[PDB]
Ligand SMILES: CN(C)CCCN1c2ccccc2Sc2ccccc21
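Here you get one chain, nothing else, as structure tokens; it is the form solved without ligand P2Z.
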């Protein structure tokens, strides 16, 4: 299964974008401009071999950014470490929450959810 070019991951739903302002006086305004460039969603693996939360998040901050750092970057996207970092933050935030949900779609079978 491949939701375009994943290869064998899930691809999440798209949601609002966190306002990431970093405590800086350029990184807020910088991100506020360029934020539309980022994937509005994240890639991931099933939590059914993870049990932690943060392990999953590293493993999906990996795949999401990796994909965009190879995939979009070959298709005439091109970003800096500075942008790749704003992506890093965004993906971290969105992925923790994707985890909380897919967790509630992994262990949930013992409840009604």
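Residue numbers count along the first chain shown, from 1.
There is another form of this protein, the form deposited with ligand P2Z bound, and it is not shown here; the text below is about that form.
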item: Binding-site state, shown form vs ligand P2Z in the entry with it bound, superposed, 3 or more atoms under 2.4 Å of backbone or C-beta; value: blocked
item: Interface membership of residue 73, ligand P2Z in the entry with it bound, 4.5 Å heavy atom rule; value: no
item: 4.5 Å heavy atom contact, residue 41 and ligand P2Z in the entry with it bound; value: no
item: Contact test in the entry with it bound: residue 87 vs ligand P2Z, heavy atoms, 4.5 Å; value: no
item: Heavy atom of residue 63 within 4.5 Å of ligand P2Z in the entry with it bound; value: yes
item: Joint contact, 6, 9 and 67 to ligand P2Z in the entry with it bound, by non-hydrogen atom at 4.5 Å; value: yes
